[PDB]
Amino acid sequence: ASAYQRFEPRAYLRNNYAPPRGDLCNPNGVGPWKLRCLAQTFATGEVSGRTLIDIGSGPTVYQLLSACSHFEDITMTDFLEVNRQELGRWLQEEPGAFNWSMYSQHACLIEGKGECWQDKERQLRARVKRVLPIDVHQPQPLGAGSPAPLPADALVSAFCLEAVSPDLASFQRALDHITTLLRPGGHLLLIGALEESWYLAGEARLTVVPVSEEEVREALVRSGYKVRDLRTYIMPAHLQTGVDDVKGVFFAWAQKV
């Protein structure tokens, strides 16, 4: 765990969200795939409500671009202060903010509603009410008197759980922990690395539990979800860059029962 105290936000953003993995121009890349999964799911009109919490946001906002038009109250979270500050810099249009515009643009493209990317960002910035500390290893990840409206109508979490868990069972428990934040009948969108064991964030080398699609499925079932959808993206050779050993990416749409 303590490895996360060397985690450099800018290095992680560079490693994953700048070219080559950050090139959205190629439709077969991982960036467009992730956005596509997010957009298609909300376009169904079945993931809706008032409040949403993003679990382990890190310094990234892309995972909420499509979500933001279905939820008026959004809570972003991370274990690290540096990440929350990086988020704050973008949410407040402060200096040095990461440029997410290509992603906003592509979400607008994919969604096909004719929306300009600036409106999309305006709405996202406006519906994120708070950026809060969080530790999924804790039975109450948000703590006791959290400002976050609970229970949430929906959850999003991308590349958090497996990346904070030494093994399957720890992964399963963290899942159990965040699931308590979710209202019954609510929805979870879970995104994560498949069969990954490490990734780099500057000086930080993080351990990851290698999970499979079937393991992810079973974990959700054991937690009280019906899996509405689970798709896999296989990482092409050209996006295997030395920043990690991720083999593929899973997308899960789960509904708490």
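Between two forms, the rigid core is the largest collection of C-alphas that superpose within 1.5 Å. Position 1 is the first residue in the sequence shown; the rest follow in order.
K.L.:
Taking the root mean square of C-alpha distances over all structures and residues in 9 other deposited structures of this protein, with a rigid core superposition, name the larger of 90 to 98 and 157 to 165.
P.N.:
Between 90 to 98 and 157 to 165, the one lying farther away in 9 other deposited structures of this protein is 90 to 98.
K.L.:
With the rigid core as the fit anchor, does 204 to 212 or 29 to 37 show bigger C-alpha shifts in 9 other deposited structures of this protein?
P.N.:
Farther on average in 9 other deposited structures of this protein: 204 to 212.
K.L.:
Select between 45 to 53 and 194 to 202 the stretch whose C-alpha atoms have the higher average B-factor in the entry.
P.N.:
Looking at the recorded C-alpha B-factors, 45 to 53 comes out higher on average.
K.L.:
Look over 176 to 184 and 107 to 115 in the entry and identify the one with the greater average Cα temperature factor.
P.N.:
Result: 176 to 184.
K.L.:
Of the choices 156, 74, 163, 144, which one's C-alpha carries the largest B-factor in the record?
P.N.:
Top of the list by C-alpha B-factor: 144.
K.L.:
Quick check on the deposited entry: does the C-alpha B-factor of residue 63 sit in the lowest, middle or highest third of its chain?
P.N.:
Lowest third.
K.L.:
Would you mind ranking residue 212 by its C-alpha B-factor against the rest of the chain and naming the third, lowest, middle or highest?
P.N.:
Residue 212: CA B-factor falls in the middle third of its chain.
K.L.:
Pull the Cα B-factor of residue 125 out of the PDB entry and bin it into the chain's lowest, middle or highest third.
P.N.:
For residue 125, whose C-alpha B-factor we compare with every modelled residue in the chain, the answer is the lowest third.
K.L.:
Name the third of the chain's ranked CA B-factors that contains residue 98, choosing lowest, middle or highest.
P.N.:
Tercile = middle for this residue's CA B-factor.
K.L.:
Looking at the entry's B-factor column for C-alpha atoms only, identify whether residue 226 ranks in the lowest, middle or highest third of its chain.
P.N.:
Top third by C-alpha B-factor.
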